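As stored in structure-v7.pdb (PDB, C-alpha atoms):
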MODEL        1
ATOM      1  CA  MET A   1     -14.654  53.521  44.750  1.00  0.00           C
ATOM      2  CA  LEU A   2     -17.995  54.179  42.992  1.00  0.00           C
ATOM      3  CA  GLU A   3     -16.913  57.371  41.217  1.00  0.00           C
ATOM      4  CA  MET A   4     -14.141  55.340  39.538  1.00  0.00           C
ATOM      5  CA  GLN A   5     -17.019  53.024  38.378  1.00  0.00           C
ATOM      6  CA  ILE A   6     -19.282  55.300  36.373  1.00  0.00           C
ATOM      7  CA  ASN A   7     -20.597  53.756  33.141  1.00  0.00           C
ATOM      8  CA  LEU A   8     -18.561  50.563  33.277  1.00  0.00           C
ATOM      9  CA  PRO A   9     -19.202  49.284  29.718  1.00  0.00           C
ATOM     10  CA  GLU A  10     -20.512  45.804  30.612  1.00  0.00           C
ATOM     11  CA  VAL A  11     -22.925  47.195  33.225  1.00  0.00           C
ATOM     12  CA  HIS A  12     -24.014  50.040  30.957  1.00  0.00           C
ATOM     13  CA  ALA A  13     -24.746  47.482  28.185  1.00  0.00           C
ATOM     14  CA  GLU A  14     -26.927  45.404  30.507  1.00  0.00           C
ATOM     15  CA  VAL A  15     -28.966  48.326  31.727  1.00  0.00           C
ATOM     16  CA  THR A  16     -29.341  49.743  28.234  1.00  0.00           C
ATOM     17  CA  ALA A  17     -30.684  46.410  26.928  1.00  0.00           C
ATOM     18  CA  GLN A  18     -33.369  46.287  29.631  1.00  0.00           C
ATOM     19  CA  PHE A  19     -34.268  49.941  28.986  1.00  0.00           C
ATOM     20  CA  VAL A  20     -34.715  49.096  25.309  1.00  0.00           C
ATOM     21  CA  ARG A  21     -37.049  46.265  26.280  1.00  0.00           C
ATOM     22  CA  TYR A  22     -39.019  48.641  28.472  1.00  0.00           C
ATOM     23  CA  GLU A  23     -39.405  51.230  25.711  1.00  0.00           C
ATOM     24  CA  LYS A  24     -40.575  48.612  23.214  1.00  0.00           C
ATOM     25  CA  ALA A  25     -43.048  47.228  25.743  1.00  0.00           C
ATOM     26  CA  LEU A  26     -44.374  50.713  26.456  1.00  0.00           C
ATOM     27  CA  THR A  27     -45.086  51.430  22.801  1.00  0.00           C
ATOM     28  CA  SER A  28     -46.744  48.065  22.163  1.00  0.00           C
ATOM     29  CA  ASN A  29     -48.570  48.049  25.569  1.00  0.00           C
ATOM     30  CA  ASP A  30     -46.877  44.748  26.520  1.00  0.00           C
ATOM     31  CA  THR A  31     -48.002  44.887  30.120  1.00  0.00           C
ATOM     32  CA  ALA A  32     -46.403  41.624  31.101  1.00  0.00           C
ATOM     33  CA  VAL A  33     -42.950  43.056  30.299  1.00  0.00           C
ATOM     34  CA  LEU A  34     -43.729  46.473  31.819  1.00  0.00           C
ATOM     35  CA  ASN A  35     -44.653  44.705  35.072  1.00  0.00           C
ATOM     36  CA  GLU A  36     -41.768  42.222  34.867  1.00  0.00           C
ATOM     37  CA  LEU A  37     -39.305  45.092  34.762  1.00  0.00           C
ATOM     38  CA  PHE A  38     -40.651  46.976  37.839  1.00  0.00           C
ATOM     39  CA  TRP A  39     -39.266  46.021  41.207  1.00  0.00           C
ATOM     40  CA  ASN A  40     -41.816  43.810  42.975  1.00  0.00           C
ATOM     41  CA  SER A  41     -41.888  45.658  46.259  1.00  0.00           C
ATOM     42  CA  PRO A  42     -44.300  47.801  48.260  1.00  0.00           C
ATOM     43  CA  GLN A  43     -41.560  50.530  48.122  1.00  0.00           C
ATOM     44  CA  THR A  44     -41.591  50.831  44.313  1.00  0.00           C
ATOM     45  CA  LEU A  45     -43.460  53.825  43.001  1.00  0.00           C
ATOM     46  CA  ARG A  46     -44.486  55.553  39.833  1.00  0.00           C
ATOM     47  CA  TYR A  47     -45.332  59.173  39.422  1.00  0.00           C
ATOM     48  CA  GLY A  48     -47.210  59.018  36.140  1.00  0.00           C
ATOM     49  CA  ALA A  49     -48.316  61.737  33.835  1.00  0.00           C
ATOM     50  CA  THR A  50     -51.799  61.618  35.442  1.00  0.00           C
ATOM     51  CA  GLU A  51     -51.573  59.601  38.686  1.00  0.00           C
ATOM     52  CA  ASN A  52     -49.265  58.750  41.623  1.00  0.00           C
ATOM     53  CA  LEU A  53     -48.947  55.049  42.377  1.00  0.00           C
ATOM     54  CA  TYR A  54     -47.315  53.503  45.392  1.00  0.00           C
ATOM     55  CA  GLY A  55     -46.206  49.860  45.455  1.00  0.00           C
ATOM     56  CA  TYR A  56     -45.842  47.245  42.731  1.00  0.00           C
ATOM     57  CA  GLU A  57     -49.422  45.914  43.154  1.00  0.00           C
ATOM     58  CA  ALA A  58     -50.885  49.353  42.462  1.00  0.00           C
ATOM     59  CA  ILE A  59     -48.636  49.964  39.467  1.00  0.00           C
ATOM     60  CA  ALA A  60     -49.439  46.514  37.964  1.00  0.00           C
ATOM     61  CA  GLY A  61     -53.183  47.106  38.578  1.00  0.00           C
ATOM     62  CA  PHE A  62     -52.953  50.415  36.794  1.00  0.00           C
ATOM     63  CA  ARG A  63     -51.150  48.914  33.776  1.00  0.00           C
ATOM     64  CA  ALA A  64     -53.919  46.258  33.497  1.00  0.00           C
ATOM     65  CA  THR A  65     -56.619  48.881  32.959  1.00  0.00           C
ATOM     66  CA  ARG A  66     -54.790  51.623  31.060  1.00  0.00           C
ATOM     67  CA  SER A  67     -55.812  52.462  27.506  1.00  0.00           C
ATOM     68  CA  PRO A  68     -53.361  51.483  24.740  1.00  0.00           C
ATOM     69  CA  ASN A  69     -54.126  54.736  22.822  1.00  0.00           C
ATOM     70  CA  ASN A  70     -51.806  57.730  22.360  1.00  0.00           C
ATOM     71  CA  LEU A  71     -48.757  55.827  23.658  1.00  0.00           C
ATOM     72  CA  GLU A  72     -46.355  56.295  20.701  1.00  0.00           C
ATOM     73  CA  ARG A  73     -43.552  58.806  21.018  1.00  0.00           C
ATOM     74  CA  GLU A  74     -40.194  59.790  19.688  1.00  0.00           C
ATOM     75  CA  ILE A  75     -37.212  59.899  22.040  1.00  0.00           C
ATOM     76  CA  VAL A  76     -35.314  63.138  21.736  1.00  0.00           C
ATOM     77  CA  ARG A  77     -32.503  62.616  24.182  1.00  0.00           C
ATOM     78  CA  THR A  78     -31.306  59.720  26.380  1.00  0.00           C
ATOM     79  CA  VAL A  79     -28.929  59.601  29.317  1.00  0.00           C
ATOM     80  CA  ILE A  80     -28.315  56.223  30.998  1.00  0.00           C
ATOM     81  CA  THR A  81     -25.773  56.259  33.794  1.00  0.00           C
ATOM     82  CA  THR A  82     -24.556  53.312  35.811  1.00  0.00           C
ATOM     83  CA  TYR A  83     -22.891  53.385  39.199  1.00  0.00           C
ATOM     84  CA  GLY A  84     -20.766  50.434  40.102  1.00  0.00           C
ATOM     85  CA  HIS A  85     -22.226  47.062  39.135  1.00  0.00           C
ATOM     86  CA  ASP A  86     -25.716  47.189  40.626  1.00  0.00           C
ATOM     87  CA  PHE A  87     -27.338  50.633  40.201  1.00  0.00           C
ATOM     88  CA  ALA A  88     -28.350  52.968  37.406  1.00  0.00           C
ATOM     89  CA  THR A  89     -30.513  55.832  36.239  1.00  0.00           C
ATOM     90  CA  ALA A  90     -32.216  56.186  32.896  1.00  0.00           C
ATOM     91  CA  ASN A  91     -33.534  59.577  31.784  1.00  0.00           C
ATOM     92  CA  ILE A  92     -35.187  60.500  28.497  1.00  0.00           C
ATOM     93  CA  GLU A  93     -36.842  63.427  26.815  1.00  0.00           C
ATOM     94  CA  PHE A  94     -39.588  62.593  24.362  1.00  0.00           C
ATOM     95  CA  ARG A  95     -42.300  64.061  22.182  1.00  0.00           C
ATOM     96  CA  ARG A  96     -45.601  62.368  21.606  1.00  0.00           C
ATOM     97  CA  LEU A  97     -46.476  61.973  17.950  1.00  0.00           C
ATOM     98  CA  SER A  98     -49.868  63.464  19.034  1.00  0.00           C
ATOM     99  CA  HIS A  99     -49.616  66.395  21.507  1.00  0.00           C
ATOM    100  CA  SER A 100     -47.670  69.196  19.794  1.00  0.00           C
ATOM    101  CA  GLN A 101     -46.814  71.879  22.413  1.00  0.00           C
ATOM    102  CA  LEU A 102     -45.479  69.610  25.211  1.00  0.00           C
ATOM    103  CA  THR A 103     -42.159  67.835  25.795  1.00  0.00           C
ATOM    104  CA  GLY A 104     -42.121  64.747  27.954  1.00  0.00           C
ATOM    105  CA  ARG A 105     -39.517  63.642  30.488  1.00  0.00           C
ATOM    106  CA  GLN A 106     -39.251  60.163  31.879  1.00  0.00           C
ATOM    107  CA  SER A 107     -36.916  59.247  34.736  1.00  0.00           C
ATOM    108  CA  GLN A 108     -36.173  55.812  36.198  1.00  0.00           C
ATOM    109  CA  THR A 109     -33.876  54.408  38.768  1.00  0.00           C
ATOM    110  CA  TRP A 110     -32.791  50.804  38.252  1.00  0.00           C
ATOM    111  CA  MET A 111     -31.287  48.216  40.599  1.00  0.00           C
ATOM    112  CA  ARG A 112     -29.786  44.774  39.963  1.00  0.00           C
ATOM    113  CA  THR A 113     -31.958  42.357  41.968  1.00  0.00           C
ATOM    114  CA  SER A 114     -31.515  38.559  42.284  1.00  0.00           C
ATOM    115  CA  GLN A 115     -33.940  38.354  39.309  1.00  0.00           C
ATOM    116  CA  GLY A 116     -32.203  40.926  37.122  1.00  0.00           C
ATOM    117  CA  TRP A 117     -32.385  44.673  36.613  1.00  0.00           C
ATOM    118  CA  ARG A 118     -35.579  46.270  37.893  1.00  0.00           C
ATOM    119  CA  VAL A 119     -37.046  49.746  38.073  1.00  0.00           C
ATOM    120  CA  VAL A 120     -37.282  50.891  41.703  1.00  0.00           C
ATOM    121  CA  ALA A 121     -38.914  54.292  41.067  1.00  0.00           C
ATOM    122  CA  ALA A 122     -40.074  56.226  38.083  1.00  0.00           C
ATOM    123  CA  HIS A 123     -41.493  59.671  37.144  1.00  0.00           C
ATOM    124  CA  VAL A 124     -43.046  60.926  33.936  1.00  0.00           C
ATOM    125  CA  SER A 125     -44.248  64.460  33.193  1.00  0.00           C
ATOM    126  CA  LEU A 126     -45.002  66.765  30.261  1.00  0.00           C
ATOM    127  CA  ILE A 127     -44.088  70.455  30.191  1.00  0.00           C
ATOM    128  CA  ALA A 128     -44.545  73.280  27.724  1.00  0.00           C
ATOM    129  CA  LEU A 129     -41.728  73.761  25.357  1.00  0.00           C
ATOM    130  CA  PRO A 130     -40.810  77.450  24.901  1.00  0.00           C
TER     131      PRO A 130
ATOM    132  CA  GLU B   1     -28.133  41.431  47.158  1.00  0.00           C
ATOM    133  CA  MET B   2     -28.890  45.065  48.181  1.00  0.00           C
ATOM    134  CA  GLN B   3     -30.194  45.486  51.820  1.00  0.00           C
ATOM    135  CA  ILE B   4     -33.257  47.797  51.984  1.00  0.00           C
ATOM    136  CA  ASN B   5     -33.524  50.692  54.464  1.00  0.00           C
ATOM    137  CA  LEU B   6     -30.554  49.845  56.665  1.00  0.00           C
ATOM    138  CA  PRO B   7     -31.178  52.011  59.718  1.00  0.00           C
ATOM    139  CA  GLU B   8     -28.038  54.184  59.792  1.00  0.00           C
ATOM    140  CA  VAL B   9     -28.110  54.717  56.028  1.00  0.00           C
ATOM    141  CA  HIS B  10     -31.779  55.533  55.919  1.00  0.00           C
ATOM    142  CA  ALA B  11     -31.381  58.106  58.776  1.00  0.00           C
ATOM    143  CA  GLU B  12     -28.356  59.693  57.061  1.00  0.00           C
ATOM    144  CA  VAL B  13     -30.076  60.071  53.734  1.00  0.00           C
ATOM    145  CA  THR B  14     -33.197  61.454  55.416  1.00  0.00           C
ATOM    146  CA  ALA B  15     -31.070  64.125  57.171  1.00  0.00           C
ATOM    147  CA  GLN B  16     -29.528  65.235  53.815  1.00  0.00           C
ATOM    148  CA  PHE B  17     -32.962  65.282  52.185  1.00  0.00           C
ATOM    149  CA  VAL B  18     -34.163  67.546  54.980  1.00  0.00           C
ATOM    150  CA  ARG B  19     -31.159  69.845  54.389  1.00  0.00           C
ATOM    151  CA  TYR B  20     -32.082  69.987  50.730  1.00  0.00           C
ATOM    152  CA  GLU B  21     -35.729  70.845  51.456  1.00  0.00           C
ATOM    153  CA  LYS B  22     -34.737  73.582  53.908  1.00  0.00           C
ATOM    154  CA  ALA B  23     -32.258  75.036  51.387  1.00  0.00           C
ATOM    155  CA  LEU B  24     -35.023  75.077  48.726  1.00  0.00           C
ATOM    156  CA  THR B  25     -37.345  77.089  50.987  1.00  0.00           C
ATOM    157  CA  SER B  26     -34.633  79.558  52.052  1.00  0.00           C
ATOM    158  CA  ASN B  27     -33.104  79.726  48.507  1.00  0.00           C
ATOM    159  CA  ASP B  28     -29.750  78.669  49.939  1.00  0.00           C
ATOM    160  CA  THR B  29     -28.117  78.150  46.590  1.00  0.00           C
ATOM    161  CA  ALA B  30     -24.761  77.155  47.968  1.00  0.00           C
ATOM    162  CA  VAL B  31     -26.330  74.181  49.779  1.00  0.00           C
ATOM    163  CA  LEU B  32     -28.570  73.265  46.811  1.00  0.00           C
ATOM    164  CA  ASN B  33     -25.461  73.129  44.613  1.00  0.00           C
ATOM    165  CA  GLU B  34     -23.331  71.363  47.268  1.00  0.00           C
ATOM    166  CA  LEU B  35     -25.847  68.539  47.381  1.00  0.00           C
ATOM    167  CA  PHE B  36     -25.932  67.869  43.604  1.00  0.00           C
ATOM    168  CA  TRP B  37     -23.373  65.442  42.206  1.00  0.00           C
ATOM    169  CA  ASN B  38     -20.590  67.454  40.550  1.00  0.00           C
ATOM    170  CA  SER B  39     -20.525  65.591  37.262  1.00  0.00           C
ATOM    171  CA  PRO B  40     -21.424  66.243  33.626  1.00  0.00           C
ATOM    172  CA  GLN B  41     -23.781  63.190  33.935  1.00  0.00           C
ATOM    173  CA  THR B  42     -25.970  64.776  36.646  1.00  0.00           C
ATOM    174  CA  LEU B  43     -29.281  66.104  35.417  1.00  0.00           C
ATOM    175  CA  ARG B  44     -32.348  67.877  36.580  1.00  0.00           C
ATOM    176  CA  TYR B  45     -35.722  67.792  34.972  1.00  0.00           C
ATOM    177  CA  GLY B  46     -37.221  70.900  36.568  1.00  0.00           C
ATOM    178  CA  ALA B  47     -40.787  72.067  36.626  1.00  0.00           C
ATOM    179  CA  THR B  48     -40.094  74.319  33.629  1.00  0.00           C
ATOM    180  CA  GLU B  49     -36.719  73.313  32.136  1.00  0.00           C
ATOM    181  CA  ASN B  50     -34.366  70.366  31.485  1.00  0.00           C
ATOM    182  CA  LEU B  51     -30.776  70.821  32.600  1.00  0.00           C
ATOM    183  CA  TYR B  52     -27.872  68.565  31.842  1.00  0.00           C
ATOM    184  CA  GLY B  53     -24.671  68.496  33.919  1.00  0.00           C
ATOM    185  CA  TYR B  54     -23.741  70.086  37.209  1.00  0.00           C
ATOM    186  CA  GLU B  55     -22.417  73.333  35.627  1.00  0.00           C
ATOM    187  CA  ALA B  56     -25.817  74.012  33.992  1.00  0.00           C
ATOM    188  CA  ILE B  57     -27.781  73.128  37.110  1.00  0.00           C
ATOM    189  CA  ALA B  58     -25.570  75.325  39.331  1.00  0.00           C
ATOM    190  CA  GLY B  59     -25.710  78.223  36.871  1.00  0.00           C
ATOM    191  CA  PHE B  60     -29.425  77.990  36.778  1.00  0.00           C
ATOM    192  CA  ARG B  61     -29.804  77.982  40.553  1.00  0.00           C
ATOM    193  CA  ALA B  62     -27.369  80.842  41.061  1.00  0.00           C
ATOM    194  CA  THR B  63     -29.240  83.126  38.710  1.00  0.00           C
ATOM    195  CA  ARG B  64     -32.858  82.316  39.479  1.00  0.00           C
ATOM    196  CA  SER B  65     -35.321  84.021  41.701  1.00  0.00           C
ATOM    197  CA  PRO B  66     -35.962  83.640  45.441  1.00  0.00           C
ATOM    198  CA  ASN B  67     -39.295  82.207  44.540  1.00  0.00           C
ATOM    199  CA  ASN B  68     -39.405  78.666  45.855  1.00  0.00           C
ATOM    200  CA  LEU B  69     -42.480  78.675  48.054  1.00  0.00           C
ATOM    201  CA  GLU B  70     -43.271  76.437  51.028  1.00  0.00           C
ATOM    202  CA  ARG B  71     -44.887  73.041  50.518  1.00  0.00           C
ATOM    203  CA  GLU B  72     -47.235  70.831  52.443  1.00  0.00           C
ATOM    204  CA  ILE B  73     -45.964  67.239  52.108  1.00  0.00           C
ATOM    205  CA  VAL B  74     -48.565  64.686  51.240  1.00  0.00           C
ATOM    206  CA  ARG B  75     -46.380  61.628  51.230  1.00  0.00           C
ATOM    207  CA  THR B  76     -42.659  60.894  51.491  1.00  0.00           C
ATOM    208  CA  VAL B  77     -40.909  57.707  50.435  1.00  0.00           C
ATOM    209  CA  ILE B  78     -37.169  57.492  51.131  1.00  0.00           C
ATOM    210  CA  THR B  79     -35.636  54.130  50.279  1.00  0.00           C
ATOM    211  CA  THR B  80     -32.008  53.111  50.644  1.00  0.00           C
ATOM    212  CA  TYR B  81     -30.248  50.246  48.867  1.00  0.00           C
ATOM    213  CA  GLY B  82     -27.204  48.905  50.574  1.00  0.00           C
ATOM    214  CA  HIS B  83     -24.873  51.532  51.994  1.00  0.00           C
ATOM    215  CA  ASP B  84     -24.371  53.818  48.974  1.00  0.00           C
ATOM    216  CA  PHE B  85     -27.643  54.442  47.063  1.00  0.00           C
ATOM    217  CA  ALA B  86     -31.059  55.875  47.728  1.00  0.00           C
ATOM    218  CA  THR B  87     -34.199  57.324  46.283  1.00  0.00           C
ATOM    219  CA  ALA B  88     -36.271  60.112  47.745  1.00  0.00           C
ATOM    220  CA  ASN B  89     -39.769  60.760  46.423  1.00  0.00           C
ATOM    221  CA  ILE B  90     -42.296  63.275  47.684  1.00  0.00           C
ATOM    222  CA  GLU B  91     -45.768  64.364  46.753  1.00  0.00           C
ATOM    223  CA  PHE B  92     -46.590  67.931  47.803  1.00  0.00           C
ATOM    224  CA  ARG B  93     -48.958  70.868  47.487  1.00  0.00           C
ATOM    225  CA  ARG B  94     -47.691  74.427  47.286  1.00  0.00           C
ATOM    226  CA  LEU B  95     -49.381  76.531  49.932  1.00  0.00           C
ATOM    227  CA  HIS B  96     -50.778  78.880  45.543  1.00  0.00           C
ATOM    228  CA  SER B  97     -52.743  76.689  43.086  1.00  0.00           C
ATOM    229  CA  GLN B  98     -54.619  73.380  43.061  1.00  0.00           C
ATOM    230  CA  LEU B  99     -51.771  71.363  41.460  1.00  0.00           C
ATOM    231  CA  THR B 100     -50.081  68.310  43.017  1.00  0.00           C
ATOM    232  CA  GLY B 101     -46.305  68.381  42.928  1.00  0.00           C
ATOM    233  CA  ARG B 102     -44.016  65.370  42.705  1.00  0.00           C
ATOM    234  CA  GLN B 103     -40.294  65.534  43.318  1.00  0.00           C
ATOM    235  CA  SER B 104     -38.003  62.564  42.704  1.00  0.00           C
ATOM    236  CA  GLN B 105     -34.301  62.254  43.461  1.00  0.00           C
ATOM    237  CA  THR B 106     -31.738  59.578  43.274  1.00  0.00           C
ATOM    238  CA  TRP B 107     -28.828  59.837  45.695  1.00  0.00           C
ATOM    239  CA  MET B 108     -25.389  58.276  45.768  1.00  0.00           C
ATOM    240  CA  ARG B 109     -22.774  58.252  48.550  1.00  0.00           C
ATOM    241  CA  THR B 110     -19.735  59.817  46.886  1.00  0.00           C
ATOM    242  CA  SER B 111     -16.300  60.345  48.478  1.00  0.00           C
ATOM    243  CA  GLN B 112     -17.640  63.762  49.526  1.00  0.00           C
ATOM    244  CA  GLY B 113     -20.902  62.495  50.994  1.00  0.00           C
ATOM    245  CA  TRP B 114     -24.427  61.942  49.744  1.00  0.00           C
ATOM    246  CA  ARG B 115     -25.193  63.678  46.457  1.00  0.00           C
ATOM    247  CA  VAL B 116     -28.143  63.900  44.092  1.00  0.00           C
ATOM    248  CA  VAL B 117     -27.253  62.221  40.782  1.00  0.00           C
ATOM    249  CA  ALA B 118     -30.579  62.876  39.022  1.00  0.00           C
ATOM    250  CA  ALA B 119     -33.784  64.664  39.895  1.00  0.00           C
ATOM    251  CA  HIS B 120     -37.250  65.355  38.391  1.00  0.00           C
ATOM    252  CA  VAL B 121     -40.003  67.662  39.552  1.00  0.00           C
ATOM    253  CA  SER B 122     -43.433  68.185  37.999  1.00  0.00           C
ATOM    254  CA  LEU B 123     -46.865  69.575  38.871  1.00  0.00           C
ATOM    255  CA  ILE B 124     -50.081  67.934  37.675  1.00  0.00           C
ATOM    256  CA  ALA B 125     -53.815  68.467  38.074  1.00  0.00           C
ATOM    257  CA  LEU B 126     -55.412  65.706  39.975  1.00  0.00           C
ATOM    258  CA  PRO B 127     -59.142  65.406  40.404  1.00  0.00           C
ATOM    259  CA  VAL B 128     -60.661  66.251  43.797  1.00  0.00           C
TER     260      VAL B 128
ENDMDL
END
Output the structure of this file as structure tokens.
Amino acid sequence: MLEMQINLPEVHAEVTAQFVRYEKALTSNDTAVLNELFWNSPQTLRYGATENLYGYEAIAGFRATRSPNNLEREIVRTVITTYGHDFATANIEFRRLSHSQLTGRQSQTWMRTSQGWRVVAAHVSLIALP
Amino acid sequence: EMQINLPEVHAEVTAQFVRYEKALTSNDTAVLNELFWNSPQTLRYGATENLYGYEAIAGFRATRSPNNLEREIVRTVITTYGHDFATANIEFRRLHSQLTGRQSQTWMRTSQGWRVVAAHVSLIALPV
């Protein structure tokens, strides 16, 4: 039963390590790693801060041309949850070292594929902090 | 090796997603709460607030306004993984301003049925 298999420590460790790689790649604009970690499927999607992208080829195309400026941020809060052995969500709140009056949220859903853990869908947005 | 969009699973999840959307438009708070995973781990990144845990999400729904306006759906992507997991992602326009809404959910099949384990909604300005 899946609800007796929330945050199994070995699975949670695995997902957390890949999430850490993703965050480091994001801040250094390591596009190879950012693409590696997204599920290579037409179903994968990314709702970015400024665009909606459908399918791995569109997301990888977008990362190729995106500017490496104003990427740095501090993570304020993190919740990674795993379900059984093969599925997880990763959610963070962040603040960009630049833009002062907004707080950022990033959400991912991760799946264990035959090539390792991959992001199947993601969503990033910034909202006004009261 | 998770099987994608198995037909029974994909139909089931789609039917619960439709229940959720109809409850949003009618402000049927009981159904909106029923469909969220009853766990401290559940979270909801709303258009204007971040809520952590079922009790906070349910409290927020119960006390908010009958405001949630109708949407025109631009695109819907519902994907299932094996028998017990899914994602539901929609792009929408509120029938209001010129913003483009995005709503993302992840669903799990619990012992009480399909539930939302995490969700995120945001509105952005896209060029026309």
- Between CA of residue 7 in chain A and CA of residue 102 in chain B, distance in Å (one decimal):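 Pair CA of residue 7 in chain A / CA of residue 102 in chain B returns 27.8 Å.
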- Taking only C-alpha atoms into account, what are the residues of chain B at most 8 Å from chain A, put as a PyMOL selection string? chain B and resi 1-2+41+45+47-48+77+79+85+87+102+104+106+110-111+118+120+122+124-126
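Here the question is which of B:57, B:24, B:62, B:121 gets nearest to residue 36 in chain B using only C-alpha atoms, and that residue is B:57.
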- Item | Residues returned when the PyMOL selection byres ((chain B and resi 19) around 12) runs on this file, as number ranges by chain | B: 12-18, 20-35, 114-115
- Item | Selection result of the PyMOL selection byres ((chain B and resi 96) around 10) on this file, as a list in words |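 After applying the PyMOL selection byres ((chain B and resi 96) around 10), what remains is residues 69, 70, 71, 93, 94, 95, 97, 98 and 99 of chain B.
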- Message: As an exercise, work out the distance from CA of residue 59 in chain A to CA of residue 38 in chain A in Å and give it to one decimal place.
- Response: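 Answer for the CA of residue 59 in chain A to CA of residue 38 in chain A separation: 8.7 Å.
For the set B:113, B:7, B:82, B:101, the residue with the smallest atom-to-atom gap to residue 38 in chain B is B:113, counting only C-alpha atoms.
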- Check what the PyMOL selection byres ((chain A and resi 8) around 9) selects in the file above and give those residues as a list in words.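 For this structure, the PyMOL selection byres ((chain A and resi 8) around 9) resolves to residues 5, 6, 7, 9, 10, 11, 12, 13, 82, 83, 84 and 85 of chain A.
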- Of the candidates A:102, A:71, A:64, A:119, which shows the shortest atom-to-atom distance to residue 27 in chain A, using all atoms listed in the file?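 Between A:102, A:71, A:64, A:119, the residue approaching residue 27 in chain A most closely is A:71.
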- So what do you get for CA of residue 9 in chain B versus CA of residue 86 in chain B, distance-wise?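 Taking CA of residue 9 in chain B as the start and CA of residue 86 in chain B as the end point, the length is 8.9 Å.
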- Query: Near residue 20 in chain A, within 12 Å and counting all atoms listed in the file, which residues show up once chain neighbours fewer than 3 positions away are dropped, as a PyMOL selection string?
  - Reply: chain A and resi 13-17+23-27+33-34+37+75+78+80+90+92
- Message: For a quick check of understanding, using only C-alpha atoms, which of B:66, B:40, B:91, B:3 has the smallest distance to residue 54 in chain B?
- Response: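 Residue with the minimum atom-to-atom distance to residue 54 in chain B: B:40.
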- Query: Which one of A:62, A:39, A:56, A:19 sits closest to residue 115 in chain A if you count all atoms listed in the file?
  - Reply: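 Smallest separation from residue 115 in chain A among the options: A:39.
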Could you work out an axis-aligned box for range 25-44 of chain A, taking every atom the file lists and adding 8 Å on each side, and report centre and edge lengths in Å to one decimal, as AutoDock Vina command-line options?
--center_x -43.9 --center_y 46.5 --center_z 35.2 --size_x 25.3 --size_y 25.8 --size_z 42.1
- Query: residue 117 in chain B: which residues within 6 Å, counting all atoms listed in the file, same-chain residues fewer than 6 positions away excluded, as a ChimeraX atom specification?
  - Reply: /B:37,42,106-107
